[PDB]
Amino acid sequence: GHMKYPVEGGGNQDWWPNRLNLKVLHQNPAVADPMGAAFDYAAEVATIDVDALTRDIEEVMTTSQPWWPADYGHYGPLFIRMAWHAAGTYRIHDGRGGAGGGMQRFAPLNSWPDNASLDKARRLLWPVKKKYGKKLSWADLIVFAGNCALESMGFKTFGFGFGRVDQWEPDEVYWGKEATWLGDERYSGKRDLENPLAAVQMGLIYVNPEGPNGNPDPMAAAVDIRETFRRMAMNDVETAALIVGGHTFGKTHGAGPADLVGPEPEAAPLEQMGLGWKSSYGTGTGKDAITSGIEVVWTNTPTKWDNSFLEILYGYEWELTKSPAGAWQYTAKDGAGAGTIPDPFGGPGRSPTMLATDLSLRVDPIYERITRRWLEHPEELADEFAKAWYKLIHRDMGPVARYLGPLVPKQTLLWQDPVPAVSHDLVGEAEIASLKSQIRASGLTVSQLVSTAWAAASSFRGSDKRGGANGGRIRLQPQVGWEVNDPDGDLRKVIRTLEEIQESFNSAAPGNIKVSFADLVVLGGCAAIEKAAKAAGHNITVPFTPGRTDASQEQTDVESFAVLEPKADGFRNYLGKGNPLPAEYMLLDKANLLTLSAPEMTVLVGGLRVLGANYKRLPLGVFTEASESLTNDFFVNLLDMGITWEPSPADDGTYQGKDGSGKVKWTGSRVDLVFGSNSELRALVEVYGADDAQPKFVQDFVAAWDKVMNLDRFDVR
């Protein structure tokens, strides 16, 4: 190999291939963002003319362009596929992928095989982005175009929320180890898909449309359909709704040989202006289009919503055949339906075809049962598709406070993890002061208070913006029983005391000020940090924003919340079984999910350690003689050359730190020592371990604690 210029990707990773990469802690850095610091997308899109935008998209959808002519003179089905693929990278294990960031316009997603031809589709919408400018993100426009497509063609949607914020640099995501497009090294056991992946091969959205590994067996395919769609928050009824409603529209593209399609967009020459997959087959477009290389037209009305898709699936029998590109598909037996299905550009008319994955809907017995009932009762399909599509293109939007505009339905949805509206006056400064003192008199230790508040708030992940302290869910299932939150039952004692303080405050409060359990969880930790800072000779006030509300168990989907359980939390020195990488990688990933910078992550670790936030309160990384004191001791001691460090002889992922006499003075994990070992992190430790650094450390720790407590609080932003 050969080292390259930094402008061509050279860097320290080439000399140290498994190097912890801190650039995950500064994604989308402000210097790369072209808008001012005052720029508030939510404010711009809040003033958009939605009706005007609908007409302009309608106009685009029916004005064929010569560089990519429009099947049946309507771009709608292309745009449905576009939005579906944009939202369809979402996966539940880490909440990443999805439509929320407009990531389909950037690498690698803009060059995935499954996104072939969506480069043209995005390009067709530049007229619309052009006219609305900063009032309309690409992220919002991409999925709104699909939503408008549906309604254009006869299907009434549930609603729509604007507010997805455009970004300027692709989120770098782990999409699998396979270094070959469409490779599959992601199954073990009996067909167990590698976590966190939610697609069956590298560069597919969900499943192979020719069946598992290109074997067009509808029964087997359905197993992949069910599991990948599960991993994208869709159950049996939603998955069936989505496939049937999607393939009510449009057609597939495989007019000629695949080997005549050029490089994907990121690999194409400059002259193609970001377009890829340039084809030399015929005109290379339109009548000659090659996208997947399958050539199916599901229904006789590809630009109208109706029940044709299921009427056709069940009203013919199907035999296996080959498209012009040589791909597996199904056509109707015995020349039935010959010439019943229209051509995209006026041609002679063709006979019914379905994909292998489509037959799964009638060959798999669960799917058969659902789709047959919709054959008989189509109105039920419309309802399920509407709910499913709405969830699909909004799944990663975060709390409902983020949904903007005149198309947002008012109804509450379980999958949104709803919290109640505020129903009383919120606590002011005086009640906040009083309540902090009451928490400090309750008997709860600094350690219990800080760790409870951290447990509740750090459940937020910035990918899909699920989790967090709002909702008071730490006292509900499943959070109340997560191993990291509740090693020893200590959490229930905390919850009880905070509930008693809530009750007594609320029954005594002055005229209709009430406080939620959710707020007192966070407030309690803020109060403990004030006390520990006073124990260390600093008088500081920890900020606090009231307005969290308490969800009930019935408004908390227990199984949906399963994916938010931490398997690793370096901030609590917790490391469960099953993580993909060593502990320090996991910490970085946890910091990334909390939206933390490297300095923010660094001060929280050092503060949390000396505050006693450690899982099971064990002494790893607790490099201080003081108890519940907010000092910078963690950084001073980590830089003490009087300590010698060696892996503990027990080979247990811990380290022994000995002073000059040889006596073991400190112990620590990989997560503790990586701050003393990694040259970028140690640089940060040297800032916070200086003689002059303690006031800055308290100050920056309180700011990062405040940030983490406030992560899900879009109701005040």
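Think of the rigid core as the biggest set of C-alphas that the two forms share within 1.5 Å after superposition. When you see a residue number, it is the position in the sequence shown, counting from 1.
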Original post:
Between 506-514 and 268-276, which one strays more from this form in 4 other deposited structures of this protein if you match the rigid core and compare Cα atoms?
Top reply: 506-514
Original post:
What stretch shows more C-alpha movement in 4 other deposited structures of this protein relative to this form, 484-492 or 239-247, after the core is superposed?
Top reply: 484-492
Original post:
Per the PDB record, is the mean Cα temperature factor higher over 481-489 or over 142-150?
Top reply: 481-489
**OP:** Going by the average Cα B-factor in the PDB entry, point out whether 114-122 or 258-266 comes out higher.
**Re:** 258-266
**OP:** Check the PDB entry and point out which of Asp589, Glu554, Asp633, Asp519 has the largest C-alpha temperature factor.
**Re:** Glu554
**OP:** Please pick out which of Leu673, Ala52, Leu681, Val687 has the largest Cα B-factor as recorded in the entry.
**Re:** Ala52
Original post:
Ranked by Cα temperature factor within the chain, is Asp364 in the lowest third, the middle third or the highest third?
Top reply: middle
Subject >> Assigned third (lowest, middle, highest) for the C-alpha B factor of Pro170 >> reply: highest
**OP:** Would you mind ranking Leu20 by its C-alpha B-factor against the rest of the chain and naming the third, lowest, middle or highest?
**Re:** highest
Subject >> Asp652 - Cα temperature factor, lowest/middle/highest third of chain >> reply: highest
**OP:** Within this chain's modelled residues, let me know which third the CA B factor of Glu185 belongs to: lowest, middle or highest.
**Re:** middle
